[PDB]
Each structure stands twice: as structure tokens, then as C-alpha cells.
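Chain and residue survey
So you can see what is in the structure, the chains are spelled out below.
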Number of protein chains: 2
Amino acid sequence: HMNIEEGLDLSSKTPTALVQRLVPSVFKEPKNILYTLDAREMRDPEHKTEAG
Amino acid sequence: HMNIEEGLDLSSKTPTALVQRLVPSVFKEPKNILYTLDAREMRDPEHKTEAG
């Protein structure tokens, strides 16, 4: 964005300072789900199917 | 703009005075924008492009 200046003679006027503004975009911490099945529980394959 | 007058003989009437009205229109002070680049900053064309 720039300033507006008035008149013909601008020798008294400061030029507009360019400002190279930057906005960050960042990944969050990873999002996870954990579950565990023991070797008895894994005898029924619906648990992995439904939990997945 | 004109005055209406009435009758066949107008010897006693006063003719309408033509008044020449004038409307002024004027330029404002010039509007300006100023920026500056040094010879290092000016190695990247995007500053001149985006500031323009």
C-alpha cells in the first residue's frame, strides 16, 4: 500500500517506505489415533475392522 | 431565460436584459506517489512491479 502526496514540488516529502509484509502458514502437531489388540482379542477380526 | 410580454403594440414594454452567467470548473492540486530503490534492492524486479 502507498501514501498519497499533494502538490507539484515534493522536495519536502518523505517517499513511502516499502514494507514487504509476510503472513505465516504452519503445520500443527500431528493428529493421531492409537489402539491395541492382544493375541486373544485379535481372534475376532471385527475389532480391527470397526476400530479402523 | 426570458420575460413574456403581452399585446400587439409593445412601444411601452421593457425588453428583457440578457444576463450571461458563467460556471467555474477547476483542477485540484496534483496527486502523487513516491518510492525509492537502491541498486541492490532494484536487483529484484518485483519491488518496482508491485510498487507500480
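As recorded in the PDB header, cryo-EM is the method behind this entry, and the stated resolution is 2.8 Å.

Observations regarding the layout of surface pockets
Looking at the largest pocket, its volume works out to about 490 Å³. Residue lining of the largest pocket: 15 residues in total, with A:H1, A:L18, A:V19, A:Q20 and B:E50 positioned closest to the centre. Here the lining of the largest pocket is built from residues that sort into six nonpolar, four polar and five charged.

Quick notes on empty space enclosed by the protein
Summed over the entire model, instances satisfying the criterion amount to one cavity of 30 Å³ or more. Volume-wise, the largest cavity comes out at about 30 Å³. Every residue along the wall of the largest cavity is listed here: A:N3, A:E5, A:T14, A:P15, A:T16 and B:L34. Tallied by class, the residues present in the lining of the largest cavity amount to two nonpolar, three polar and one charged.

Thoughts on the interface of chain A and chain B
Listed per partner, the contact involves 13 residues of chain A and eleven residues of chain B. Taken together, both faces of the contact between chain A and chain B bury some 1100 Å²; the carbon and sulfur share is 66%. Between A:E6 and B:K31 there is a salt bridge, with the nearest N and O atoms lying 2.7 Å from each other. At the boundary of chain A with chain B, the tally comes to five residue pairs in polar contact. With two bridges connecting them, strand β1 (residues 5–6) of chain A and strand β1 (residues 31–32) of chain B associate as antiparallel partners. Along β1(B), the bridge assignment pairs A:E5 with B:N32.

A look at the side chain of A:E5
Structurally, A:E5 is set in strand β1. Looking at A:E5, its side chain comes within polar contact range of the side chain of A:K13, at 2.8 Å. If sequence neighbours within four positions are ignored, A:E5 has contacts with A:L10, A:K13, B:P30, B:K31 and B:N32.

About the cut-offs
Residues numbered from 1 in each chain as written, not as in the entry; some residues may be left out. Chains lettered and ligands numbered in written order. Part of a larger assembly, values for the part shown. Heavy atoms only, no water. 1 Å grid on protein atoms, 1.4 Å probe; cavity = no way out; pocket = protein on both sides within 12 Å on 5 of 7 lines; lining within 4 Å. Points joined across faces, edges and corners; volume = space filled by probe spheres on them. Nonpolar A, V, L, I, M, F, W, Y, C, P; charged D, E, K, R; others polar. Contact = heavy atoms within 4.5 Å. Buried area = accessible area lost by both parts, 1.4 Å probe. Salt bridge = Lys/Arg side-chain N within 4 Å of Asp/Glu carboxyl O. Polar contact = N/O pair within 3.5 Å; in protein donor to acceptor, adjacent residues only side chain to side chain. Pairing = 2+ DSSP bridges. Helix = DSSP H or I, 4+ residues; strand = E, 2+ residues; numbered from the N terminus.

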